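Q: experimental coordinates follow, after the sequence.
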Amino acid sequence: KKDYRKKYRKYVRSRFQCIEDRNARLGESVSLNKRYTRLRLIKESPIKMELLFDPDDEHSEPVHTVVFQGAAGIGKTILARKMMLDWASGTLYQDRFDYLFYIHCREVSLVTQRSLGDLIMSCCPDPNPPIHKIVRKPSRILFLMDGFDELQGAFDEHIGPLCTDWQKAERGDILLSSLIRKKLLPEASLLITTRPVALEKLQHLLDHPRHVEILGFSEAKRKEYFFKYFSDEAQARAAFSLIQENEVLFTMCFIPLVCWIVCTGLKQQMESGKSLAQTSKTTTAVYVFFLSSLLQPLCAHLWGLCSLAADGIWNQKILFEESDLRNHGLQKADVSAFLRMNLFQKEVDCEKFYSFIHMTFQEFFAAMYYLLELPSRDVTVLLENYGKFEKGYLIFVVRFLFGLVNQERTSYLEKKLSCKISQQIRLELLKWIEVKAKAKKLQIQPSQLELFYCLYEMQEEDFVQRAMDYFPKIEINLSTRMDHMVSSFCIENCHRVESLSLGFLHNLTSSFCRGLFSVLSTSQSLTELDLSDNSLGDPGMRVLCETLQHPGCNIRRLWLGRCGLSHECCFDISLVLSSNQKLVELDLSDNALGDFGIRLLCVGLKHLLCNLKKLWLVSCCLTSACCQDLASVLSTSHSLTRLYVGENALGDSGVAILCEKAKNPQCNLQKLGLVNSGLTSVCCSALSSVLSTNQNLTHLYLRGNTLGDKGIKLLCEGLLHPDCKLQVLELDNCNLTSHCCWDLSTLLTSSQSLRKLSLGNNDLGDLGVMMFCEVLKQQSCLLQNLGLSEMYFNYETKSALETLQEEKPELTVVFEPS
Ligand SMILES: Nc1ncnc2c1ncn2[C@@H]1O[C@H](COP(=O)(O)OP(=O)(O)OP(=O)(O)O)[C@@H](O)[C@H]1O
Ligand SMILES: CN1CCC[C@@H](Nc2nnc(-c3ccc(C(F)(F)F)cc3O)c3c2CCC3)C1
């Protein structure tokens with residue numbers, strides 16, 4: 001006679017009022033979830049806490065599945081709890097979902113066979129809810145899978161027997177897969193929280209997810225967290241100030257877990273009348289510091305604890321029974337000690353399982369196990385399984401293992417580590433880096449950013465430098481301040497990096513990136529800097545321009561890409577060209593360098609001592625109005641030899657102006673990249689004058705103009721001139737047809753300077769090609785690709801071309817279409 005939804009909501013509202021559903025809450029005080037600090041959500045572009053499933057603007061298409069992703073300790077699990085509570089309180093999705101079902105991926109194993117009893121297991125104490133009634137209705141429920149990457153057991157996407165029908169019992173991975181794929185209870189919305197490392201598995205199940213990334217605390221939010229943690233503002237201020245001075249620790253504290261660990265550590269020593277010691281710089285240092293302060297005041301059974309953690313990692317166990325603790329010599333002692341000073345939790349949510357505070361802690365202890373004095377005790381085995389889902393990726397186990405190896409160590413727990421073992425681990429870790437650094441493949445295992453963090457953690461100059469000698473190239477993507485901090489350290493200590501690519505991600509449009517650019521200026525060996533495909537807008541270009549004026553810059557190639565360069569920022573680029581004596585190549589493609597921007601660039605290019613040799617201005621929205629300045633550069637500049645100005649709005653007068661100055665016999669222009677300049681037959685005579693006059697012009701690219709048959713005739717007259725030295729002529733779709741084939745045939749026999757001639761997607765016809773085959777037999781000087789790309793023929797012509805390829809081997813490539 002009563003509506004179960006009311007009781008369900010009450011149960012959820014009462015249950016989800018604890019951060020970790022645990023005891024040992026600083027004397028088991030009220031959790032007070034009001035302490036929650038707002039996390040920012042970014043759509044893979046800020047998104048509201050609500051409207052996560054709502055339809056987008058395009059086609060009003062709704063999303064059933066939403067996936068949250070983020071770093072360990074970012075608070076994925078807490079955000080999920082907050083949503084659950086806000087719903088139960090009638091604030092979030094008040095009119096969208098009747099039930100929210102929390103699934104703890106730490107509790108649900110894959111091996112055990114079971115029906116979809118999740119709707120009962122996570123509900124109120126009443127064992128017989130109305131499953132067949134309102135609970136049955138699709139589109140009215142939301143599932144929350146919290147910690148996909150924490151699932152214990154092997155998990156494959158390759159499941160045939162998905163087994164729909166909630167009434168039937170099946171294996172956990174099968175049941176899970178069916179729900180994720182929306183085969184089980186179709187139209188049931190699903191929210192997943194996971195570390196990005198598990199996306200390699202989810203990508204095959206989600207099909208059409210919406211992705212949202214979770215960010216950590218902002219500077220203002222960090223302040224709020226620290227204050228909320230303490231009852232005494234004076235203590236919060238003293239603690240905040242200490243951390244703020246430690247720039248490195250403060251940076252790390254953007255992760256909620258890190259600031260939690262730091263706060264707890266400081267509070268515990270504060271209560272003892274200590275001066276608030278804290279010198280941690282690395283993630284490992286924070287965890288070591290925490291355990292040192294916690295256990296030092298105990299550690300006799302630390303080996304057993306480390307063994308327990310190591311066993312759990314290898315045997316796929318997060319939750320432990322009292323029987324498992326007893327089997328490690330842990331009974332009626334350690335558990336109590338770890339509750340008086342929270343190190344280990346009982347998860348007292350009407351349950352008898354024990355666990356670590358966080359998976360990060362469990363991995364820490366497992367790593368510690370490898371440096372002491374029984375699943376392995378072999379680092380080789382540990383490393384070989386690093387990238388495997390089945391072992392939880394072992395990211396922190398290894399990352400901490402690196403951090404725990406050093407010479408600059410003291411007392412307090414870490415003194416119990418064996419020197420001989422540590423030295424052996426160091427050598428094995430270095431060999432591991434060499435192998436992974438060389439194996440430059442796309443994968444979740446080390447991909448040139450993580451081999452870096454796993455180095456930062458070991459602040460030893462000799463080790464890091466030795467490792468860096470295996471990194472001739474660095475290709476990384478920086479997401480947050482933490483990546484900039486690590487990248488800066490690593491790059492600064494590099495001596496043999498020749499090529500660096502920094503794919504900055506949205507945080508730029510700020511001075512934020514300054515922290516890394518200032519490092520590049522001190523490099524002695526860096527040659528190529530690639531800053532393509534990122535929003536290095538005006539202020540980004542400005543800080544880089546300052547960086548590039550440094551006397552120790554030593555950068556030769558500046559490959560800017562779609563940076564969104566504007567009219568004004570080009571000024572700063574000019575100031576680099578006129579000062580920097582080493583820069584050779586510059587690529588400003590796909591920017592808004594309008595006529596104004598080019599004029600400024602040209603001022604720099606005409607400056608004495610500008611040694612720029614290759615200039616790319618492709619797709620720069622250029623018009624004929626600016627060709628006058630580029631023409632002046634070609635005339636006066638002795639160093640510029642390669643110019644690419646295609647994919648612009650140039651006209652006939654545009655190229656003719658460049659030609660009138662480029663024809664000068666003292667011009668050093670070698671490559672004229674008029675790939676797509678909207679050229680017509682009228683302007684061709686200008687190109688002809690240049691070809692017969694410029695003895696340095698070896699390559700002409702007209703791949704996309706509309707030269708036409710009259711145009712090619714005129715171009716031929718130029719090319720046929722005895723003083724023309726052109727080696728490569730590229731004529732892609734120029735709207736040429738059979739009517740001009742007689743001149744192209746003549747060109748092949750009369751011009752002795754050409755080595756390559758390539759016709760592209762144009763209907764030359766069969767007559768032209770057949771003639772080519774015969775004339776090319778007459779001791780032709782053309783050896784390179786004949787082209788005729790994307791052009792198709794009958795069988796007779798194809799046979800002739802195949803014959804040509806074999807009959808005269810001197811022509812390396814005929815390039816038949818098939
Ligand atoms: N908004 C917040 N307010 C207060 N504390 C927070 C917040 N977000 C995260 N924390 C801190 O994060 C810690 C919990 O980390 P959490 O369990 O969320 O990691 P996780 O990656 O979600 O783990 P799992 O993947 O197993 O769910 C808590 O100790 C808590 O203090
Ligand atoms: C994910 N994976 C591939 C991409 C690059 C790299 N990314 C990160 N890794 N680790 C942490 C990280 C956070 C917290 C703690 C601590 F809590 F233990 F201190 C350690 C960490 O190592 C973070 C990031 C980015 C966000 C914070 C590794």
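A: Yes, it's here. Residues are numbered from 1 along each chain as shown. Ligands and ions are numbered 1, 2, ... in the order given.

Q: when you work out contacts or count neighbours from here on, use the C-alpha atoms and nothing else.
A: Noted.

Q: neighbours of residue 274, just the number please.
A: Neighbours of residue 274 under the rule other C-alpha atoms under 10 Å: 11.

Q: so it: helix, strand or coil?
A: Here residue 274 is coil, with the state taken from DSSP: H, G, I helix; E, B strand; the rest coil.

Q: quick one: contacts for the residue in the stretch 51-200 of the chain positioned nearest to ligand 2?
A: Ligand 2 sits closest to residue 71 of the stretch 51-200 of the chain, with a gap of 4.6 Å, by C-alpha to the nearest ligand atom. By C-alpha atoms under 8 Å, 6 or more residues apart in numbering, the contact list for residue 71 reads 195, 196.

Q: how about the residues of this structure by ligand 1?
A: Within the chain, the positions lying close to ligand 1 (C-alpha under 6 Å from any ligand atom) are 35-38, 72-78, 146-147, 256-257, 260.

Q: which stretches of the stretch 451-600 of the chain form strands?
A: 473-476, 499-502, 528-531, 557-560, 585-587 (DSSP state E, counting those that start in this stretch).

Q: got these as CSV, with distance to residue 306 and mean neighbour count columns?
A: CSV is the format used below for the strands of the stretch 451-600 of the chain (distance: least, C-alpha to C-alpha, whole Å; neighbours: other C-alpha atoms under 10 Å):
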stretch, distance to residue 306, mean neighbour count
strand 473-476, 34, 17
strand 499-502, 39, 18
strand 528-531, 44, 18
strand 557-560, 49, 20
strand 585-587, 54, 19
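
Q: do you know how far the residue lying closest to residue 94 once chain neighbours are set aside is from ligand 1?
A: Nearest non-adjacent residue to residue 94, counting by C-alpha to C-alpha, 6 or more residues apart in numbering: residue 87, 6.5 Å away. Computed as C-alpha to the nearest ligand atom, to the nearest Å, the residue 87 to ligand 1 distance reads 16 Å.

Q: narrow the residues of the chain next to ligand 1 to those that are buried.
A: Among the residues of the chain next to ligand 1, the ones that count as buried by 16 or more other C-alpha atoms under 10 Å are 37, 72, 73, 74, 75, 76, 77, 78, 146, 147, 256, 257.

Q: returning to what we had before: just the residues of the chain next to ligand 1: which are in strands?
A: residue 146 (DSSP state E).

Q: which of the residues of the chain next to ligand 1 fall in helices?
A: Assigned to helices by DSSP state H, the following of these qualify: 76, 77, 78, 256, 257, 260.

Q: so who does the nearest residue to the third one once chain neighbours are set aside touch?
A: The shortest distance from residue 78 to any non-neighbouring residue, by C-alpha to C-alpha, 6+ apart, is to residue 19 (6.6 Å). Residue 19 sits next to 31, 33, 78, 81 when contact means C-alpha under 8 Å, 6+ apart.

Q: same question for residue 74.
A: 214, 215, 216, 255, 256, 257.

Q: what's the answer for residue 461, then?
A: Going by C-alpha under 8 Å, 6+ apart, residue 461 touches residue 493.

Q: ok, 7 Å please
A: Shown in contact with residue 461 (C-alpha atoms under 7 Å, 6 or more residues apart in numbering): no residues.

Q: same check, this time on residue 702
A: Neighbours of residue 702 in contact, by C-alpha under 7 Å, 6+ apart: 674, 675, 676, 730, 731, 732.

Q: rerun at 10 Å
A: If you count contacts by C-alpha atoms under 10 Å, 6 or more residues apart in numbering, residue 702 has them with 646, 672-679, 729-734.

Q: closest to ligand 1 out of those residues?
A: Comparing the contacts of residue 702 against ligand 1 with C-alpha to the nearest ligand atom picks out residue 646 as the nearest, at 49.8 Å.

Q: ok, and the closest non-adjacent residue to residue 218?
A: That would be residue 254: by C-alpha to C-alpha, 6+ apart, it lies 6.8 Å from residue 218.

Q: er, residue 798 I mean
A: Spatial nearest neighbour of residue 798, chain neighbours left out: residue 816 (7.4 Å); criterion: C-alpha to C-alpha, 6+ apart.

Q: and the one you found, what element?
A: For residue 816, there is no enclosing helix or strand under DSSP states H and E.

Q: what about it, distance to residue 791?
A: 8 Å (C-alpha to C-alpha, to the nearest Å).

Q: more neighbours: which of these two?
A: Neighbour count, other C-alpha under 10 Å: between residue 816 and residue 791, residue 816 has more, with 19 against 15.

Q: do I have it right that the more buried one meets residue 803?
A: No: counting by C-alpha atoms under 10 Å, residue 816 does not reach residue 803; the two are 11.1 Å apart.

Q: picking up where we left off before, the residue nearest to residue 218 contacts residue 221, doesn't it?
A: Yes: applying C-alpha under 10 Å as the test, residue 254 and residue 221 come out as touching, 9.0 Å apart.

Q: looking only at neighbour counts, state which of these two leads.
A: A direct count of neighbours by other C-alpha under 10 Å for residue 254 and residue 221 places residue 254 higher, at 22 against 15.
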